[PDB]
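Just the one chain here, laid out as structure tokens, in the form deposited in one PDB entry.
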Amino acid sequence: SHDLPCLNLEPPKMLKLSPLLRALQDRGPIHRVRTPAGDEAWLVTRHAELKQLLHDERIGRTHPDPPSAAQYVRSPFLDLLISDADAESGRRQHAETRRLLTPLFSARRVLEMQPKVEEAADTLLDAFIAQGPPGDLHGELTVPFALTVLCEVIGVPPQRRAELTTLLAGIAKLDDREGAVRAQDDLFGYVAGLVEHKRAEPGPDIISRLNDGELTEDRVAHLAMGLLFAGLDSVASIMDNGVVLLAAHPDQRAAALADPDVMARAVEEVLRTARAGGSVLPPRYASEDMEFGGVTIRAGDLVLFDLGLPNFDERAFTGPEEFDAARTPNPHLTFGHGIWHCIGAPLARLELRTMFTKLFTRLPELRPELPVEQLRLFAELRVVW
């Protein structure tokens, strides 16, 4: 019957939404679309409306029949995110997780993380530079940096790190529902052991602090594993894309390097411009019928949160296709918003400001080996300097 527009997985161009996504954003704030998996979904295309939906408690992770729930992509890994719970349960669990995690990232606490973040970048950059160019910025710097910072902050003693790495590759390579339940189970038991160690021997770290709050071992282990998933690929991929963006815009890179305040804004601009559409948060579903934006979203419908659409909405940014390291203000939604806002954001900002500063201070000429066109077609990111 339908002729819904069909979204696809083609990599976006640098600083430009795809023709189809510009046409949708142009046409209206909200549309019925077909996802790359072939299911129906609502795509919200504009900054104001997405922001408002991100605060709407009628959208969440529960679905009464998860196996027939619409999906953006088939992914055994993301399937485990879809709660079977009643909607109210889902909301309470979510609010309680936010209550438990938010104190861990207070101003004072993130200040206390900063010297480990500085130290980890110096150590890893020292090693990456010693190996000489060309090097794989992804596999040899940005991923290890993000993971090291996570170890330091969550409380993974150095001796246990080799196994963590391995269990994490072991969830990265997974590809069926059995293998993905099993890989989760192994990581979980590993993490429960970390929790028991820290009960015996507290540190100034997330696991000890959650222990202190009289949470049971399962609950601490679940929170710690969630933090591992939230803080790893996200950081590495914004960092990778930032190096590409900053290498490609020499005068702004120079302005960012001359003034830490410009560097702070440059980080915000990398966050805004790292992906120009096509990356969608994990699935989220209306838990009850809702009128929104001219349509009726039905209980159980898939609603897509593509944060790159708002980030390139000319209604929210002047000249959205321009990389402006000094853009101010910069209300990007790369950390989500409302009920879905990144609790690690202050830490993520710190990792990005620290690594862009040290990379481009020590290696002023650093750039990708391939030109952007070829790069677009990261598993690896080879750079020279």
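Just count from 1 along the sequence shown to find any residue number. Superpose the two forms; the largest set of C-alphas matching within 1.5 Å is the rigid core.
Unmodelled deposited residues between residue 377 and residue 378: 4 to 9, per the record.
Taking the mean C-alpha B-factor of each stretch as recorded, 198-206 and 229-237 are not equal, and the higher mean is that of 198-206. Here the stretch with the larger average CA B-factor, out of 350-358 and 66-74, is 66-74.
Residue-level inspection of the entry shows that, of 287, 114, 184, 311, 184 has the top Cα B-factor. Taking the PDB entry at face value, the top CA B factor among 104, 297, 129, 121 belongs to 129. Residue-level temperature factors show residue 163 in the highest third of its chain, judged at the C-alpha atom.
In the PDB entry, a CA B factor belonging to the lowest third of its chain's modelled residues is recorded for residue 269. Among all modelled residues in this chain, the alpha-carbon of residue 170 has a temperature factor (C-alpha) in the highest third. For residue 177, the recorded CA temperature factor ranks within the highest third of the chain's modelled residues. Among all modelled residues in its chain, residue 86 ranks in the middle third by Cα B-factor.
Below: the form deposited in another entry, not depicted.
Only one entry in 179, 134, 250, 260 has its C-alpha moved by 2 angstroms or more between the shown form and the other one when the rigid core is superposed, and that entry is 179. With the core superposed, residue 77 shows a C-alpha displacement of at least 2 Å between the shown form and the other one. Positional change of residue 68 between the shown form and the other one reaches 2 Å or more at the C-alpha, relative to the superposed core. Residue 315: CA moves less than 2 Å between the shown form and the other one after rigid-core fitting. Note: residue 169-residue 307 Cα separation is 3 Å or more shorter in that other deposited form than here.
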